Amino acid sequence: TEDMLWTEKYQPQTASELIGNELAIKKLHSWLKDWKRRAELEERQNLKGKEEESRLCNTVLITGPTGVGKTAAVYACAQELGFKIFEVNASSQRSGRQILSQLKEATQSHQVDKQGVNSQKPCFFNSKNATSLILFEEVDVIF
Amino acid sequence: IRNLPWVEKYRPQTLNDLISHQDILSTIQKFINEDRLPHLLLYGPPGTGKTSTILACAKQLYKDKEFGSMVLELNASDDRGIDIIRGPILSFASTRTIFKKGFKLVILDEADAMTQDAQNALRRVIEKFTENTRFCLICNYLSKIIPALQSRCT
Amino acid sequence: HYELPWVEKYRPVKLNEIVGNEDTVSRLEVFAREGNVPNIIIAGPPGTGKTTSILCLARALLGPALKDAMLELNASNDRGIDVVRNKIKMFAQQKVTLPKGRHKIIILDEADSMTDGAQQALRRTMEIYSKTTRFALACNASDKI
Amino acid sequence: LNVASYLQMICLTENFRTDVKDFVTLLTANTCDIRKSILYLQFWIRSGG
Amino acid sequence: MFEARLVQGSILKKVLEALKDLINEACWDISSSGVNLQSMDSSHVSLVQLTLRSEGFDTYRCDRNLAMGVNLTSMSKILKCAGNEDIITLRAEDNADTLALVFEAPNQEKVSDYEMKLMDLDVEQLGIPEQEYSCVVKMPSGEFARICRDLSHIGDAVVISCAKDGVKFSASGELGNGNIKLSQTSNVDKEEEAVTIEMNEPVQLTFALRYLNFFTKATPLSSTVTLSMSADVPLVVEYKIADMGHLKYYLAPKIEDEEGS
Amino acid sequence: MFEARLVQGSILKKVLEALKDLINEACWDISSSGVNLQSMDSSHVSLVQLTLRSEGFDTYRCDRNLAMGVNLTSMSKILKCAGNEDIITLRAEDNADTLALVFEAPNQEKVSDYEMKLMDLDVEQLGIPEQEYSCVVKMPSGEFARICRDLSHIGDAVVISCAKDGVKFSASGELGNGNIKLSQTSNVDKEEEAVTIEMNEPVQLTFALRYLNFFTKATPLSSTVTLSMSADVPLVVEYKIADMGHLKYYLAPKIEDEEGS
Amino acid sequence: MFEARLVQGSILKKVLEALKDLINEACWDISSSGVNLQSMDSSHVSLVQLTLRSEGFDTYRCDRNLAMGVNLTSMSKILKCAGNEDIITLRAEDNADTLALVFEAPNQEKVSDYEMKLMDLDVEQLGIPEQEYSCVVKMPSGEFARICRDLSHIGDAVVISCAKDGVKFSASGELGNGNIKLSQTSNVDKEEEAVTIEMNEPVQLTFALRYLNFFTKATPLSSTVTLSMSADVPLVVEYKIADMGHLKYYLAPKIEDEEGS
Ligand SMILES: Nc1ncnc2c1ncn2[C@@H]1O[C@H](COP(=O)(O)OP(=O)(O)OP(O)(O)=S)[C@@H](O)[C@H]1O
Ligand SMILES: Nc1ncnc2c1ncn2[C@@H]1O[C@H](COP(=O)(O)OP(=O)(O)OP(O)(O)=S)[C@@H](O)[C@H]1O
Ligand SMILES: Nc1ncnc2c1ncn2[C@@H]1O[C@H](COP(=O)(O)OP(=O)(O)OP(O)(O)=S)[C@@H](O)[C@H]1O
Ligand SMILES: [Mg+2]
Ligand SMILES: [Mg+2]
Ligand SMILES: [Mg+2]
């Protein structure tokens, strides 16, 4: 009476649920927590109105072997810290014009719906506040 | 002037001009005349009479005007891979001649030069379109043809 | 009007009409009876029973919903990167009403003939659409996958 | 050993008792691919052990 | 069991031409009150709400509330094959996985029964409170399309002001800045629509003009468009289709970074 | 010496705007009866039979029987250089390599000349033996073109079934199928226009779609079209153009396997 | 301080679309006589000499000679905002890096203040002397663009030979050969379509097609065109834009390579 695979039935919903790679998990969680803090401070500055020392780079890269848990750790950290993942897989046509003109505004503009069921993380294809976060999955796969 | 080779000149235009194989020639003629021609796998050393056998069979089945439209002959060494199985072979096997109703013939000479994936698709082309067309594979080595493709043919 | 070959006239229609590979065929039998089959790859020599067991398992799982819940692709089909991106993903996102425990099935026969780029483009499709769609692949050389 | 105990945990949630050595052989067979071991564990447990 | 008989196919054709390149998939939340479509962008920064009343259809009938998710390329390439003045039945069963469009007499000779396979997806809820706004303005829709297209060549961002003096459109880029002013006493002669304002306090915001050109493709749906703005809530572009319903666009403003003074 | 001057250049534009993508080479047979075009598709699945009578031509002179094999892409490029109400004249010699198109002035001062080389080729000489058909209907051509271009969006192969009621079109694809039924009773602006039924046994077959679209690309040639098919003989559509020619496309049915599964 | 007024935007839009691809940047020099534009293309084979007289402007004000040069992508993107009828203000200061376009809309009060930045081109004034031209032709523009598209589809190389009865167009290429003949037709109802011949000697010359197509892009600028051909001089095309000025297109001919003897 179950319709779910055991990978997504037992998917880690918390960064403490993943097995191994604790230093990499802590690094990614600290980076995403700093980004969430920057987003909340931006919201506070907006409310008030109406970077070598920080060294917060705009992009992390994650590498390792197949099936170790890179995507699972990314999704668990973004779920814990309230991010919304916009995923670009190799399983959809991602050429430069389409990915720019259909996902740049996720980074550059606010979320129109910030509360509700928006914690669900969608994908990209073309045939409490939640901060946007892009995830390019399997960047080495270039067609 | 013209001095044509004796290989071409003394060719068995009819199935009765072959000299050595007589059991399988009788079997092939009996496949022809009761309208039960299967997929064939003519294999052996060169110069034995496989191409001559299939050309006499196609002359027995089709005519001169419909020879250029009902039987298609390929050499797999000219272009290997599935760019020719998914392509001329698939479109030939899946289409139908407008007024000519019957069955088509594919003569795939030098089938052992075909790659493994091209054979893996040619077997499926054979399976899906058995009634529309028959396939005759001519080769030297049976060890260079996958058993799945061998088993569809006699 | 012709005599069907005995490989098709006597082709098995159930999972108990398959001789050899008793453990794996038994596991496929209990999965076909109970449901919720995972994404499987069946590797072996030619003529073993892989396509037969995959088709019988899909038939026993689906039943009358075979014509709408099953998408089968051989090596004679295209199965390219663009086919994986449009047709496979469109069938995976397609709504098909099925009894609980039964999923839509994408059968990829002769997975050795699939290009490496198409297999790379089919990686996430095997993952996200796993609550509605399952993948059953048959292959001879598992190293080509 | 960490992945072996993790798989033992997910098997014990399914009311199965398994030894560490068999899971260690499976994990050193598939080179600690966690998802592959999870999926093969699902296939093997749900088919009766 | 559900039937919805659109009086003219031009309504659905213009709707799907409005949502064509902006929305990825269309979800219809259908009940006894009518037809609702709250679909967000692929980037999830712009939301399209479309409400069609039950009385606006030629004949409307429902049995239970249900949601249908259809791909938009397929629905668009099917609605491009529909008669403009002809009547269109939309039809679906209780729990089936298909949606039929019956075009009766597109060329006065044939009946057409097109079918679409529905998709399945987690239907997010977009019910937002109807808070008051600070700056509403009645201005024409053909003019909105014209000036949005016109300033769209200059750059990629819109700097928009609403105050008592009117609506201000600034577009700065490598080409050079361009400014657009709207006046209350100003009235067009193309359609004779006069600008009126019910403003509360001045607001400065900035958006992406590409999604504004995507929004303005619904110009033939209504003669006039109402723009609503305030400091916190997103931009609202409203078309009121007479006896049909209303189509609103919610566009969030761009994030701006305060400089380190 | 061959010299054929037409009443209008529009009919030559419309007759062969459909053969640009379907016909690889146009073979034209010139005799005292008229102009013949019996061409074969490169996949040997479609045939085009076109007959131009001497009565329909403004002028027609011919001393011998000619077989002229011409390319389509460049010739379509030069007939993109033609009007509608004007007059064209085709001139060729007995043993030359030219195709002289004399182009009467649309502006009454601009007389044009076009020369094309002649590509010699063997002729299959496939004459249609002109069987009888068990399912014949008449249908207005614009509707058939609309229906074919509509079903091209859905799938790649259509099922055409003719019976005692009328022509039924089906197309099952990935997006979901689409069905069309034609009823005998038809009410249009004209007094007399309907689907007719003259049939012996109902026949249902399956056909490729690009070839059917290329067949329907010549719909402004004639007002009506005639569809004839039966169980063994292929599909044929026939455009009997007004008092100057007839045209006749044969399409063979495709081989299906999901019917028997 | 530049203050120029274009009474109609149609001429400015059409002259922009005429040289949109033809030349890289427009360099305007301004005197008390009016507006002048002497611009050379990227390949340095074509010259544009355009003169707007001052009385064609409703208001004109120029304190000093004003020379500036600005790219044409921004121009192509700024007069795409001009309507088919409106009044336009070209505004500039005595010494700045910004040119302003002010559109007064058909609205009662809606200004378009579009200020673009300069980039300070360094160009030279290539003064061309006036001389005797052996052949002058009066020719309508639309059908001349039709001849340009006629010979475009045949071959890139264009040949024009002026004979005692008029002009002859020839295109020889891979596909074949195309010829277009014009006779003396000065006796017609309207003086526009009359092709008057006041030539002295026959001349035949070869020119390209891309820059020719860029020249025929100015078809709606005026009803009629003056064609000027003499020995060892560039092709001259004259547009007489009524009540405001005249435009000249110069194309350096392709030099035919003579074979050795
Ligand atoms: N460290 C882990 N802890 C718990 N579950 C894991 C772990 N690694 C993998 N999984 C499971 O495996 C599933 C898929 O793992 P992924 O994170 O997608 O693998 P990956 O690191 O992305 O490598 P790729 O994408 O296949 S190359 C997850 O949904 C989990 O169920
Ligand atoms: N059984 C035979 N009887 C008479 N002549 C034969 C016979 N077999 C071959 N020949 C002669 O050999 C010539 C060429 O034989 P082919 O049948 O073309 O060789 P093949 O069987 O095609 O071998 P490969 O593998 O294709 S090179 C013919 O033209 C005949 O002259
Ligand atoms: N285990 C088996 N039990 C009974 N019949 C079998 C078995 N394996 C094969 N057959 C027969 O062989 C025919 C073809 O076998 P398939 O299972 O279709 O081929 P396969 O096992 O998929 O191997 P490949 O790699 O596809 S060639 C079937 O239709 C059966 O008639
Ligand atoms: Mg991953
Ligand atoms: Mg041979
Ligand atoms: Mg098989």
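Residues numbered from 1 in each chain as written, not as in the entry; some residues may be left out. Chains lettered and ligands numbered in written order. Part of a larger assembly, values for the part shown. Heavy atoms only, no water.

Trainee: Please set out the overall build of chain A residue by residue, giving values where relevant.
Mentor: Scanning chain A from N- to C-terminus turns up four helices and two strands. N-terminal to C-terminal, the α/β element order of chain A is α-α-α-β-α-β. Each principal axis of the C-alpha atoms in chain A carries an extent, and together these give about 50 × 40 × 35 Å. Just so you have it, chain A exposes about 8,400 Å², and 52% of that area is on carbon and sulfur atoms. Distance between charge centroids for chain A: 5 Å, based on 19 positive and 19 negative side chains. (Helix = DSSP H or I, 4+ residues; strand = E, 2+ residues; numbered from the N terminus. Areas by Shrake-Rupley, 256 points an atom, 1.4 Å probe, with all protein chains shown as cover. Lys, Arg positive; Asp, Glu negative; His and termini not counted. Charge placed at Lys NZ, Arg CZ, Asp CG, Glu CD.)

Trainee: Run through the nonpolar core, naming residues and quoting values.
Mentor: By size, the foremost hydrophobic cluster in this structure holds 237 residues, and its most contacted members are E:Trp28, E:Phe144, F:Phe144, F:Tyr249 and G:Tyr249. Every residue in contact with G:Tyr249, bar those within four places of it in the chain, is listed here: G:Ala18, G:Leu22, G:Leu47, G:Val48, G:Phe215, G:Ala218, G:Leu235, G:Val236, G:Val237 and G:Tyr239. (Core = buried A, V, L, I, M, F, W, Y, C linked by side-chain atoms within 4.5 Å. Buried < 20%, exposed > 50% of the residue type's maximum accessible area, 1.4 Å probe, protein only. Contact = heavy atoms within 4.5 Å.)

Trainee: Which residues make up the site of ligand 2, and what are the values?
Mentor: Residue and element names in this part refer to chain B. Taken together, 15 residues lie near ligand 2, and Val 7, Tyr 10, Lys 50, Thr 51 and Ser 52 sit nearest. Within the contact set of ligand 2, an oxygen atom lies 3.3 Å away from a side-chain nitrogen or oxygen of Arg 11. The contact in question runs from an oxygen atom of ligand 2 to an N or O atom on the side chain of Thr 51, over 2.5 Å. A total of 650 Å² of accessible area belongs to ligand 2 in isolation, and the protein chains cover 77% of it. Among the elements that make up the shell around ligand 2, the one with the highest residue count is helix α3 (residues 50-61) (three residues). A per-class count over the shell around ligand 2 returns six nonpolar, six polar and three charged. (Near = heavy atom within 4 Å. Polar contact = N/O pair within 3.5 Å; in protein donor to acceptor, adjacent residues only side chain to side chain. Nonpolar A, V, L, I, M, F, W, Y, C, P; charged D, E, K, R; others polar.)

Trainee: Break down the interface of chain E and chain A for me, with residues and values.
Mentor: At the interface, 28 residues of chain E touch 24 residues of chain A. Summed over both partners, the interface of chain E with chain A buries about 2,200 Å², with 55% contributed by carbon and sulfur atoms. Applying the counting criterion to the chain E and chain A interface returns zero salt bridges. Run the count over chain E and chain A and you get six residue pairs in polar contact. Mapped by element, the contributors of at least two residues to the side of chain E that touches chain A are β4 (46-53), β15 (203-208) and α4 (209-215) of chain E. Looking at the side of chain E that touches chain A residue by residue, the classes come out as 13 nonpolar, eight polar and seven charged. (Buried area = accessible area lost by both parts, 1.4 Å probe. Salt bridge = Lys/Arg side-chain N within 4 Å of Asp/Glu carboxyl O.)

Trainee: Which residues make up the site of ligand 3, and what are the values?
Mentor: Lining the immediate environment of ligand 3, one finds 17 residues, of which C:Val19, C:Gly49, C:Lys50, C:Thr52 and C:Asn140 sit closest. At the site occupied by ligand 3, the surrounding residues belong to chains B and C. Between ligand 3 and C:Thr48, the relevant distance is 3.0 Å, taken from a nitrogen atom to a main-chain nitrogen or oxygen of the residue. Burial of ligand 3 by the surrounding chains reaches 81%, relative to a free accessible area of 630 Å².

Trainee: Describe in detail the pairing of strand β7 (residues 88-92) of chain E, supporting the description with residues and values.
Mentor: Side chains on a regular strand alternate between the two faces of the sheet. Residue and element names in this part refer to chain E. When you tally the buried positions in β7, you get four out of five residues, the bulk of the element. When strand β1 (residues 2-6) meets β7, the two strands line up antiparallel, connected through five bridges. Its bridge partner lying in β7, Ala 4 is registered against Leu 90. Sheet analysis places β7 next to strand β8 (residues 98-104), joined by four bridges and oriented antiparallel. Across the sheet, residue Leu 90 finds its bridge partner in β8, namely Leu 101. (Pairing = 2+ DSSP bridges.)

Trainee: With reference to specific residues and values, describe the UniProt feature "disulfide bond" in chain E.
Mentor: Residues and elements named next belong to chain E. Of the UniProt disulfides, the one joining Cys 135 and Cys 162 is unsatisfied here, as the sulfur distance of 4.0 Å is 2.5 Å or more. Residue placement: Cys 135 occurs in strand β10 (residues 135-140). Looking at the secondary structure, you find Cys 162 in strand β11 (residues 157-162). (Disulfide = S-S within 2.5 Å. UniProt positions renumbered as here; feature names shortened; annotations may be inferred.)

Trainee: Explain the packing of helix α2 (residues 22-34) of chain C against helix α3 (residues 50-62) of chain C residue by residue, including any values.
Mentor: Residue and element names in this part refer to chain C. At a minimum axis distance of 8 Å, the contact between α2 and α3 shows a crossing angle of 20°. Between α2 and α3, the interaxial angle falls into the category roughly parallel. As for the relative orientation of α2 and α3, their crossing is right-handed in sense. For the pair formed by α2 and α3, the contact residues are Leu 28, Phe 31 and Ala 32 on the first element and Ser 53, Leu 57, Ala 60 and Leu 61 on the second. Its residues assigned to classes, the contact of α2 with α3 comprises six nonpolar, one polar and no charged. (Axes fitted to C-alpha atoms, helices over the stretch in contact; angles between N-to-C directions. Parallel < 35°, antiparallel > 145°, perpendicular 65-115°, else oblique. Left-handed = near helix turned anticlockwise from the far one by under 90°.)

Trainee: Which residues make up the interface of chain C and chain A, and what values do they have?
Mentor: Taken together, the contacts link 21 residues of chain C with 21 residues of chain A. Along the contact surface separating chain C from chain A lie four salt bridges. One salt bridge connects C:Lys131 with A:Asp3, and the closest N-O pair in it is separated by 3.3 Å. For the pair chain C and chain A, the interface holds 13 residue pairs in polar contact. Contributions of two or more residues to the side of chain C that touches chain A are made by α5 (81-93), α6 (116-121) and α7 (125-128) of chain C. Residue contributions to the side of chain C that touches chain A peak at four residues, all from α5(C). For the side of chain C that touches chain A, the class distribution of residues is four nonpolar, nine polar and eight charged.

Trainee: Give me the side chain of F:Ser74: which residues, what numbers.
Mentor: Summarising the element assignment, F:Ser74 is placed in helix α3 (residues 73-79). Setting aside residues no more than four positions away along its own chain, F:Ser74 makes contact with F:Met116 and G:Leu175.

Trainee: Describe the packing of helix α2 (residues 23-33) of chain B against α3(B), and please don't skip the residues or the numbers.
Mentor: Residues and elements named next belong to chain B. For the pair α2 and α3, interaxial distance at closest approach is 11 Å and the crossing angle is 25°. With respect to their mutual orientation, α2 and α3 come out roughly parallel. Helix-helix and strand crossings are classified by hand; for α2 and α3 the assignment is right-handed. On α3, the residues that touch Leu 25, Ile 28, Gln 29 and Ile 32 of α2 are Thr 53, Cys 57, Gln 60 and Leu 61. Broken down by class, the residue content of the contact of α2 with α3 amounts to five nonpolar, three polar and no charged.

Trainee: Tell me about the environment of E:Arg64, and name the residues and values.
Mentor: Residue and element names in this part refer to chain E. Relative to the elements of secondary structure, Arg 64 occurs in the loop between β5 (59-62) and β6 (66-71). By relative accessible area, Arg 64 is classed as partly exposed at 44%. Each C-alpha atom, one on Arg 64 and one on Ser 183, is 48 Å from the other, the two residues being 119 residues apart in sequence. Ignoring anything within four residues of it in the chain, the contact list for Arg 64 reads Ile 30 and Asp 94.

Trainee: Outline a negative patch on the surface, listing residues and values.
Mentor: Side chains of A:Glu51, E:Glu256, E:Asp257, E:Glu258 and E:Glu259 sit close together on the surface and give a patch of like negative charge. Tracing the backbone through its elements, the reader meets A:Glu51 in the loop between α2 (22-49) and α3 (70-80). Given a relative accessible area of 81%, A:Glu51 falls into the exposed group. (Patch = residues over 30% accessible without salt bridge, like charges linked within 9 Å, V, L, I, M, F, W, Y side chains within 5 Å.)

Trainee: Account for the sheet that holds strand β4 (residues 133-139) of chain C, naming residues and giving values.
Mentor: All names here are of chain C. Spatially, the four strands line up as an open sheet ordered β1-β4-β3-β2, and their pairing is parallel. The open sheet terminates on both sides in strands that have one partner only, identified here as β1 (40-43) and β2 (70-73). In this sheet, neighbouring strand axes are inclined to one another by 15° on average, regardless of whether the strands run parallel or antiparallel. In terms of strand pairing, β1 meets β4 through four bridges, oriented parallel. Residue pairing across strands places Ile 42 opposite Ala 138, the latter belonging to β4.

Trainee: Tell me about the sheet that holds strand β4 (residues 133-139) of chain B, and name the residues and values.
Mentor: Residues and elements named next belong to chain B. Pairing in this open sheet of four strands is parallel, and the strands run β1-β4-β3-β2 from one edge to the other. Lying at the two open borders of the sheet, with one neighbouring strand each, are β1 (40-43) and β2 (71-75). In this sheet, adjacent strand axes meet at a mean angle of 15° when their direction is disregarded. In the sheet, β2 pairs with strand β3 (residues 104-109) via five bridges, with the strands oriented parallel. By the bridge assignment, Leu 72 is partnered in β3 with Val 106. Contacts between helix α6 (residues 116-128) and the sheet are confined to β3 and β4, with β4 contributing the most and set at about 145° to the helix.

Trainee: Go over unusual backbone geometry with me, naming the residues and quoting the values.
Mentor: In this model, B:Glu110 sits at a positive phi of 55°, which is unusual for a non-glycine residue. Mapped onto the fold, B:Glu110 is located in the loop between β3 and α6. Positive phi is not limited to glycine here, since C:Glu110 has a value of about 55°. With respect to the helices and strands, the residue C:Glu110 is situated in the loop between β3 (104-109) and α6. A residue is classified by how much of its surface remains accessible, and C:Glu110, at 6% relative accessible area, is buried.

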